[PDB]
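What follows is one chain in structure tokens, specifically the form deposited in one PDB entry.
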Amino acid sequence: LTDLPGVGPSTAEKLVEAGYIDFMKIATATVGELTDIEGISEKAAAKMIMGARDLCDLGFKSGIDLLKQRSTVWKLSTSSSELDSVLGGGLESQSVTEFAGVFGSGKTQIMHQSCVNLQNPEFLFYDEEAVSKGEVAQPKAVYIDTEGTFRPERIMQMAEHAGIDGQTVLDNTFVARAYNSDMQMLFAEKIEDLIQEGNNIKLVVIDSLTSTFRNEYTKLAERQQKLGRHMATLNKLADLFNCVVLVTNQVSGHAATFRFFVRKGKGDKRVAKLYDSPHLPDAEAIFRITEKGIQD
């Protein structure tokens, strides 16, 4: 931190005690959030922010640099060929992907399958010139469980059928049981704390995203508010930590970059329809849910 303009030893200590330890977080901060640190003037805040942006080279980009930026996005396989294709390769890092659907359509299964897949190195697709092997090494997942449906047994079974070690998935997946929207939001805000403690968080799951909010603000206005702050935190986390963020929506409006509607097909079959994305056509993906997890 002292490399930053105006920042000396004591200011660097204050910054780290407020949780601002990397340049990117400072470069993307508002003067307000830094001045609210006290001991940190408004002029010093504007100076270190400008210095941070410069060290992170955050200005206008054009031509080939536009392609380079896009190449920093890596993708996580879903174990379904069809679903991966419709996704343009797999679940994207630096974006929030939402799976909505009726009860039993497979939302929680996909969340569990993703936690397992993260532990199979060959299921993370990336361009080696834009994403280094070290960036996706020892990846870990965070599962914020709002329903009480996380099942370690299911993790073990899906891992076994994929030929990877179940205990290893459990060891590298943090689960937070949230009973209301305050806990759900605080847990999401605390993921930055796990990352600074050395955990390479690369997958964040929120199952469910809207249940607590609907149960508490059954007030679309405020609800939408609190939910908007929650969504901004998820989108920022995805961008800044080059992380895949997945959320489920139990349906019977907000900022997701990819949105699916999953429905039941015959017995085993499920259909996932991508209905919103910034660059892909609407398309349907047929898959199945079996003891092996998600397949086809």
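Only residues modelled in both forms are compared. C-alpha atoms forming the largest set that superposes within 1.5 Å between two forms make up the rigid core. Residue numbers run from 1 along the displayed sequence.
There is another form of this protein, the form deposited in another entry, and it is not shown here; the text below is about that form.
- For the residue set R229, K269, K236, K68, core-aligned C-alpha shifts between the shown form and the other one reach 2 angstroms or more at a single site, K68.
- Note: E128-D65 Cα separation is 3 Å or more longer in the other entry than here.
- Listed in sequence order, the runs of at least 3 residues with C-alpha movement of 2 Å or more between the shown form and the other one, after fitting the core, amount to a single one: 57-69.
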